[PDB]
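Enquirer: Take a look at the following structure, please.
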Amino acid sequence: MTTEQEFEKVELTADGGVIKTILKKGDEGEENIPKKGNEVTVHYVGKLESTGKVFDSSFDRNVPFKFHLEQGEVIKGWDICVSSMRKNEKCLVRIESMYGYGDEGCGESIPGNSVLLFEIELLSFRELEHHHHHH
């Protein structure tokens with residue numbers, strides 16, 4: 001009956017140091033692993049934790065925007081989350097200044113070196129073997 005789940009955060013995971021919170025866990029899937037360099041489809045949404053401001057724009061709550069993993073658009077914040085997701089799993093990731101485009105300044109909703117939360121749910125993915133076959 002928990003409305004506020006007592007979840008732990010993963011602070012600086014070994015995949016390049018990103019903060020993500022475990023919400024749902026992948027039930028089972030050996031082949032069910034979305035990794036970088038491969039094509040994945042996910043939706044992102046949430047709020048600005050930096051001030052607790054919930055998202056309310058004409059675009060974010062309306063348009064289903066999705067990116068692909070490792071297309072150069074994603075740096076680290078999404079990268080660690082999606083490359084460690086599962087098709088039946090879900091985590092909340094923290095987009096910090098260095099985890100996002102706080103360097104270049106190119107953001108979407110409110111990119112001001114603030115910490116934002118995006119719920120990433122990997123509904124579609126496809127592991128493509130693009131490496132030389134040893135055997």
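Labels used: A, B, ... for chains in the order of the structure tokens, numbers from 1 for residues in each chain, and numbers from 1 for ligands as shown.
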If you run DSSP over the backbone, which residues in chain A end up alpha helix (DSSP H)? Put them as a list in words.
Expert: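 Checking each residue of chain A, the alpha helix (DSSP H) ones are residues 77, 78, 79, 80, 81 and 82 of chain A.
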Enquirer: Give me the residues within 12 Å of residue 111 in chain A as a list in words, counting only C-alpha atoms and dropping any in the same chain fewer than 4 places off.
Expert: residues 47, 48, 50, 95, 96, 97, 98, 99, 100, 101, 102, 103, 104, 105, 106, 107, 115, 116 and 117 of chain A
Enquirer: Save out the residues we just selected, N, CA and C atoms, as a PDB file, in the first residue's frame.
Expert:
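Printed below is again_1.pdb as written:
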ATOM      1  N   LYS A  47      10.017  16.124 -13.789  1.00  0.00           N
ATOM      2  CA  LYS A  47       9.948  17.478 -13.266  1.00  0.00           C
ATOM      3  C   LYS A  47      11.338  17.991 -12.910  1.00  0.00           C
ATOM      4  N   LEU A  48      11.410  19.263 -12.557  1.00  0.00           N
ATOM      5  CA  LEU A  48      12.661  19.890 -12.167  1.00  0.00           C
ATOM      6  C   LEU A  48      12.860  19.777 -10.656  1.00  0.00           C
ATOM      7  N   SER A  50      15.309  20.457  -8.974  1.00  0.00           N
ATOM      8  CA  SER A  50      16.100  21.581  -8.498  1.00  0.00           C
ATOM      9  C   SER A  50      15.246  22.567  -7.690  1.00  0.00           C
ATOM     10  N   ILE A  95      19.296  14.123 -14.172  1.00  0.00           N
ATOM     11  CA  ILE A  95      20.067  14.866 -15.148  1.00  0.00           C
ATOM     12  C   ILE A  95      20.645  16.109 -14.489  1.00  0.00           C
ATOM     13  N   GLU A  96      21.917  16.021 -14.152  1.00  0.00           N
ATOM     14  CA  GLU A  96      22.644  17.121 -13.546  1.00  0.00           C
ATOM     15  C   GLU A  96      23.326  17.930 -14.647  1.00  0.00           C
ATOM     16  N   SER A  97      23.928  19.059 -14.290  1.00  0.00           N
ATOM     17  CA  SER A  97      24.593  19.927 -15.258  1.00  0.00           C
ATOM     18  C   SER A  97      25.583  19.150 -16.131  1.00  0.00           C
ATOM     19  N   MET A  98      26.450  18.371 -15.491  1.00  0.00           N
ATOM     20  CA  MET A  98      27.463  17.601 -16.207  1.00  0.00           C
ATOM     21  C   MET A  98      26.878  16.346 -16.855  1.00  0.00           C
ATOM     22  N   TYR A  99      25.688  15.940 -16.419  1.00  0.00           N
ATOM     23  CA  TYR A  99      25.046  14.750 -16.974  1.00  0.00           C
ATOM     24  C   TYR A  99      24.266  15.111 -18.226  1.00  0.00           C
ATOM     25  N   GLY A 100      24.007  16.401 -18.384  1.00  0.00           N
ATOM     26  CA  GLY A 100      23.313  16.891 -19.551  1.00  0.00           C
ATOM     27  C   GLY A 100      24.149  17.895 -20.310  1.00  0.00           C
ATOM     28  N   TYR A 101      23.496  18.781 -21.043  1.00  0.00           N
ATOM     29  CA  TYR A 101      24.204  19.779 -21.831  1.00  0.00           C
ATOM     30  C   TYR A 101      24.380  21.085 -21.067  1.00  0.00           C
ATOM     31  N   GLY A 102      24.823  20.990 -19.822  1.00  0.00           N
ATOM     32  CA  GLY A 102      25.122  22.185 -19.049  1.00  0.00           C
ATOM     33  C   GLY A 102      26.404  22.842 -19.523  1.00  0.00           C
ATOM     34  N   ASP A 103      27.128  22.129 -20.377  1.00  0.00           N
ATOM     35  CA  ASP A 103      28.365  22.631 -20.967  1.00  0.00           C
ATOM     36  C   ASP A 103      28.070  23.506 -22.183  1.00  0.00           C
ATOM     37  N   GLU A 104      27.404  22.918 -23.174  1.00  0.00           N
ATOM     38  CA  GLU A 104      27.121  23.602 -24.431  1.00  0.00           C
ATOM     39  C   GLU A 104      25.932  24.550 -24.280  1.00  0.00           C
ATOM     40  N   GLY A 105      24.970  24.175 -23.442  1.00  0.00           N
ATOM     41  CA  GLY A 105      23.828  25.039 -23.191  1.00  0.00           C
ATOM     42  C   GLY A 105      22.595  24.644 -23.982  1.00  0.00           C
ATOM     43  N   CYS A 106      22.740  23.660 -24.856  1.00  0.00           N
ATOM     44  CA  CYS A 106      21.630  23.219 -25.687  1.00  0.00           C
ATOM     45  C   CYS A 106      20.736  22.241 -24.925  1.00  0.00           C
ATOM     46  N   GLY A 107      19.652  22.756 -24.367  1.00  0.00           N
ATOM     47  CA  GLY A 107      18.696  21.911 -23.678  1.00  0.00           C
ATOM     48  C   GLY A 107      17.308  22.047 -24.265  1.00  0.00           C
ATOM     49  N   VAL A 115      19.280  20.227 -11.435  1.00  0.00           N
ATOM     50  CA  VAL A 115      19.022  18.800 -11.462  1.00  0.00           C
ATOM     51  C   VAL A 115      17.570  18.517 -11.854  1.00  0.00           C
ATOM     52  N   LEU A 116      17.404  17.767 -12.932  1.00  0.00           N
ATOM     53  CA  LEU A 116      16.081  17.382 -13.404  1.00  0.00           C
ATOM     54  C   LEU A 116      15.901  15.866 -13.287  1.00  0.00           C
ATOM     55  N   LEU A 117      14.653  15.403 -13.226  1.00  0.00           N
ATOM     56  CA  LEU A 117      14.388  13.966 -13.215  1.00  0.00           C
ATOM     57  C   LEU A 117      13.599  13.574 -14.450  1.00  0.00           C
TER      58      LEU A 117
END
Enquirer: In terms of the shortest atom-to-atom distance over only C-alpha atoms, which of A:17, A:22, A:120, A:84 is closest to residue 5 in chain A?
Expert: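 Of the candidates, the smallest distance to residue 5 in chain A is held by A:22.
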Enquirer: I'd like to know which of A:67, A:134, A:81, A:6 is closest to residue 40 in chain A, using only C-alpha atoms.
Expert: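 Looking only at the distances to residue 40 in chain A, the closest residue turns out to be A:67.
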Enquirer: When you look at residue 56 in chain A with a cut-off of 12 Å (counting only C-alpha atoms), what residues show up, excluding the ones that are within fewer than 2 positions of it in the same chain? I need them as a short mmCIF file (atom, residue, chain, number, x, y, z; two decimals) with N, CA, C and O atoms, in the first residue's frame.
Expert:
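New file out_30.cif:
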data_model
loop_
_atom_site.label_atom_id
_atom_site.label_comp_id
_atom_site.auth_asym_id
_atom_site.auth_seq_id
_atom_site.Cartn_x
_atom_site.Cartn_y
_atom_site.Cartn_z
N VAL A 45 10.14 12.00 -19.28
CA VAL A 45 9.27 13.02 -18.69
C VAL A 45 9.50 13.06 -17.18
O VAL A 45 10.05 12.12 -16.62
N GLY A 46 9.10 14.14 -16.53
CA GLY A 46 9.26 14.23 -15.08
C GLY A 46 9.06 15.64 -14.57
O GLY A 46 8.06 16.28 -14.87
N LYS A 47 10.02 16.12 -13.79
CA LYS A 47 9.95 17.48 -13.27
C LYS A 47 11.34 17.99 -12.91
O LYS A 47 12.32 17.26 -13.00
N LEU A 48 11.41 19.26 -12.56
CA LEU A 48 12.66 19.89 -12.17
C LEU A 48 12.86 19.78 -10.66
O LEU A 48 12.31 20.57 -9.90
N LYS A 53 9.65 21.88 -9.38
CA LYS A 53 8.69 22.36 -10.37
C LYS A 53 8.31 21.25 -11.33
O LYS A 53 9.15 20.73 -12.06
N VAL A 54 7.03 20.88 -11.31
CA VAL A 54 6.51 19.86 -12.21
C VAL A 54 6.47 20.39 -13.64
O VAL A 54 6.33 21.60 -13.85
N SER A 58 3.52 23.15 -23.38
CA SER A 58 2.65 22.76 -24.48
C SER A 58 3.23 21.57 -25.24
O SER A 58 2.50 20.84 -25.92
N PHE A 59 4.54 21.37 -25.12
CA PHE A 59 5.21 20.33 -25.88
C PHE A 59 5.37 19.03 -25.08
O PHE A 59 4.90 17.98 -25.52
N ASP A 60 5.99 19.11 -23.91
CA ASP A 60 6.44 17.92 -23.18
C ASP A 60 5.30 16.96 -22.84
O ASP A 60 5.43 15.75 -22.96
N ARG A 61 4.16 17.52 -22.44
CA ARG A 61 3.03 16.71 -22.00
C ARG A 61 2.19 16.25 -23.19
O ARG A 61 1.21 15.53 -23.02
N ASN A 62 2.58 16.66 -24.38
CA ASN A 62 1.80 16.36 -25.57
C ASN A 62 2.57 15.47 -26.55
O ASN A 62 2.10 14.41 -26.95
N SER A 109 13.72 21.67 -22.00
CA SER A 109 12.74 22.22 -21.08
C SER A 109 13.32 23.38 -20.25
O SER A 109 13.02 24.54 -20.52
N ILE A 110 14.15 23.05 -19.26
CA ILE A 110 14.81 24.06 -18.43
C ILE A 110 16.23 23.61 -18.05
O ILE A 110 16.46 23.03 -16.99
#
Enquirer: With only C-alpha atoms as the basis for distance, which of A:133, A:36, A:43, A:66 is at the shortest distance from residue 119 in chain A?
Expert: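 Of A:133, A:36, A:43, A:66, the one nearest residue 119 in chain A, counting only C-alpha atoms, is A:43.
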Enquirer: Nearest to residue 89 in chain A among A:13, A:32, A:38, A:114, with distances taken over only C-alpha atoms: which residue is it?
Expert: A:32
Enquirer: Need to verify the contact set: residue 41 in chain A, 9 Å, only C-alpha atoms, exclusion of same-chain residues closer than 4 positions in sequence. Can you return it as an NGL selection string?
Expert: :A and (66-69 or 121-125)
Enquirer: In terms of the shortest atom-to-atom distance over only C-alpha atoms, which of A:94, A:25, A:9, A:35 is closest to residue 128 in chain A?
Expert: A:35
Enquirer: Which of these residues is nearest to residue 130 in chain A, using only C-alpha atoms: A:27, A:39, A:4, A:15?
Expert: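 Closest candidate: A:39.
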